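Undergrad: an experimental structure, sequence included, is below.
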Amino acid sequence: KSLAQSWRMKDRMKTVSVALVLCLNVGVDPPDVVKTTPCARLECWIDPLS
Amino acid sequence: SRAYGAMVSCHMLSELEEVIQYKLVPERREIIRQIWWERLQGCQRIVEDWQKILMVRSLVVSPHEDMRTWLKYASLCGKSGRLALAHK
Amino acid sequence: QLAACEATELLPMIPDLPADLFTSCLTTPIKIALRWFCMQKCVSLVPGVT
Amino acid sequence: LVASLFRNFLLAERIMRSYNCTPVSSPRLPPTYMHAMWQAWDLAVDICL
Amino acid sequence: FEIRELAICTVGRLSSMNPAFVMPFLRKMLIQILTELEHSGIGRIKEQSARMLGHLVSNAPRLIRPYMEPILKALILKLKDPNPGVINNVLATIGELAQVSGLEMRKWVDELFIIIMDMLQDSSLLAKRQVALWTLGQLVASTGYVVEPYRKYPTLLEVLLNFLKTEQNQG
Amino acid sequence: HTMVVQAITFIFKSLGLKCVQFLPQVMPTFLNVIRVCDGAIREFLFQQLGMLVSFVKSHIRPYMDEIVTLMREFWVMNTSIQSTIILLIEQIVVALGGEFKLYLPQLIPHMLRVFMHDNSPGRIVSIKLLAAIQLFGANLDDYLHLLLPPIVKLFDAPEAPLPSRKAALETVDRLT
């Protein structure tokens, strides 16, 4: 007797499009976070301030 | 200089230890031969002493597998005035 | 939903890392995975790896 | 894309943990940071570079 | 600790059988051992740690060959610190690495030779002259560093023919 | 010495995170005062450095190596300065958070000595130090094999007093 074979992907979804919302406002820091003098700056492997 | 004779016995004892490694460790062989070669040149150029030492090494290295030892050996026999042995 | 932090937490300000640390992990793992490897105590085991 | 994001999310979970950050996912995953397989990654990287 | 020693010997032996599990875990252990060595400021923990690193080097040599330069710097650094059992176990490990690697550590021989010849002489940092001599044996043996020691350290023949006419141990 | 620092601490608390500006002026002097001052005040300064660090939080990073060196020097088996410094560690751990694992290895030798030989009445210098170790969090990963045996020896020792044993057990609870 064949068992209930439940290995198939009963759905193949696909990510059709992408929205890249980037709120950087490069330069001016927001009021919340006071940043350090050296600080973590790299953004997608780019120094924005350069 | 009187202690030298005994020193050669310890040379041969510790060389016999490096025949045990040589028969067990194929990866260590060419290092051992080089060690062996460098060691013999610090040792004195008397023909008896060399013969003793080479017989030990002959437990696992035929004379064809290391010429330079045996030519230098033959050369000592020539310089020391024992050409019969040098010939053999 | 994927989110960089728990509600109380703040993102790290550490000058060695990117600001974009989470996005960087999700989207360029091998790049931060190697940079992170070089910041740990386990680098002592491989000298000449800056 | 989802599979790539979650594969790479497991690395985020491990890395960010070492800086007082816990990433969050909506279909919540159980904590993988201490899986043995990460020791295999460490060694693999080490030997490679 | 005795069980710990006994397990790491056993696990090291299986690192050829199933390296995928054992080699990652023994690497993790190696790191911990070297942390306890360097960062614990305690005689006993450092003493045990060296002892343990002895057993790792000997039983899992494949794992340890790539990490020989780190381990050896960590161990030489303990010998150049200003407890007897740490130095005795640190020397017993250096002797075991020599045996594992070889030529691969021919750079470090002249460093360790200075260190050990300082210790063969002098009962101020009185380690076991037994193990000093044992590890010195192993460097000269494995690394293949012969006859040069009599030039570079001319007192070696005055030092070593002194132990044959001073100390009362057979070993 | 004293009243100056009661102000400087009050100044930083009243400012908020805008006090960070003043750090490079304040700190180098403030640390050198701790190195030089005459005994009676050093417990007090270390209390206030702790306050300083809690306000400034992660902007203390650049002066941290000096701060640790200071602690390392003035940690003794003396009960008085230990409660003070152990409190100053708790304030450095929350301040740095993830960056504390760089400095923890300097401090470990002293912490392992605290458990080994604590002559404190009811082992309160041990109990206080357990409460700090609870805050360390994932900093403790690379050093757990060093810290853990002493903590375990603490709750299995029958000679040791009950508070110090619950304190040890509760810690292993948290660290889990």
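TA: Structure's in. What do you need? Numbers count the residues shown, from 1 in each chain, chains lettered A, B, ... in the order given.

Undergrad: return the residues of chain F in contact with chain D.
TA: F:97, F:98, F:101, F:137, F:138, F:141 (C-beta under 8 Å from any C-beta of the partner chain). Where you see a C-beta, it was placed from the backbone N, CA and C, and this is true even at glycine.

Undergrad: what is the burial count for the first one?
TA: For residue F:97, the tally of surrounding residues (other C-beta atoms under 10 Å in any protein chain shown) stands at 23.

Undergrad: the longest helix anywhere in chain C and chain E in contact?
TA: What stands out as the longest helix in chain C, according to DSSP state H, is helix C:29-37. No: shown here: helix C:29-37 not in contact with chain E (C-beta under 8 Å from any C-beta), separated by at least 13.0 Å.

Undergrad: on the three-state scheme, the residue nearest the centre of chain A is what?
TA: Central residue of chain A (C-alpha atoms, centre = their mean): residue A:20, 8.4 Å from the mean position. Look at residue A:20: counting by DSSP: H, G, I helix; E, B strand; the rest coil, its state is coil.

Undergrad: and it, how far from residue A:50?
TA: To residue A:50, residue A:20 is 21 Å away according to C-beta to C-beta, to the nearest Å.

Undergrad: what helix or strand is the most centrally placed residue in chain B on?
TA: Most central in chain B under C-alpha atoms, centre = their mean is residue B:54, positioned 3.5 Å from the mean C-alpha point. Using DSSP states H and E, residue B:54 sits in helix B:47-57.

Undergrad: next SSE downstream of that helix?
TA: helix B:67-79.

Undergrad: state the distance from the one residue in chain B that gets nearest to chain D to residue E:105.
TA: Nearest residue of chain B to chain D, counting by C-beta to the nearest C-beta: residue B:27, 20.8 Å away. Distance, residue B:27 to residue E:105, by C-beta to C-beta: 16 Å.

Undergrad: CSV for the residues of chain F next to chain D, including secondary structure?
TA: Formatted as CSV, these follow (three-state DSSP):
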residue, secondary structure
F:97, helix
F:98, helix
F:101, helix
F:137, helix
F:138, helix
F:141, helix
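
Undergrad: could you provide those in a markdown table, with additional columns for distance to residue E:61?
TA: Compiled in a markdown table, the residues of chain F next to chain D are given as follows (distance: C-beta to C-beta, whole Å):
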| residue | distance to residue E:61 |
| --- | --- |
| F:97 | 40 |
| F:98 | 37 |
| F:101 | 31 |
| F:137 | 37 |
| F:138 | 33 |
| F:141 | 28 |
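
Undergrad: of those residues, just the buried ones, PyMOL syntax please.
TA: Restricted to buried positions by 16 or more other C-beta atoms under 10 Å in any protein chain shown, the PyMOL selection for the residues of chain F next to chain D reads:
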select buried, chain F and resi 97+98+101+137+138
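
Undergrad: of all the residues of chain F next to chain D, which two lie farthest apart?
TA: Spatial extent of the residues of chain F next to chain D (C-beta to C-beta) is set by the pair F:97 and F:141 at 13.8 Å.

Undergrad: and which of the residues of chain F next to chain D is nearest residue C:31?
TA: Of the residues of chain F next to chain D, the one sitting nearest to residue C:31 (C-beta to C-beta) turns out to be residue F:98, at 20.0 Å.

Undergrad: quick check: phi and psi on the closest residue to the closest one other than its chain neighbours?
TA: Distances taken as C-beta to C-beta, 6 or more residues apart in numbering or on different chains place residue D:19 nearest to residue F:98, at 3.5 Å, with adjacent residues excluded. The phi/psi pair for residue D:19 (degrees, to the nearest 10) reads phi -140, psi 40.
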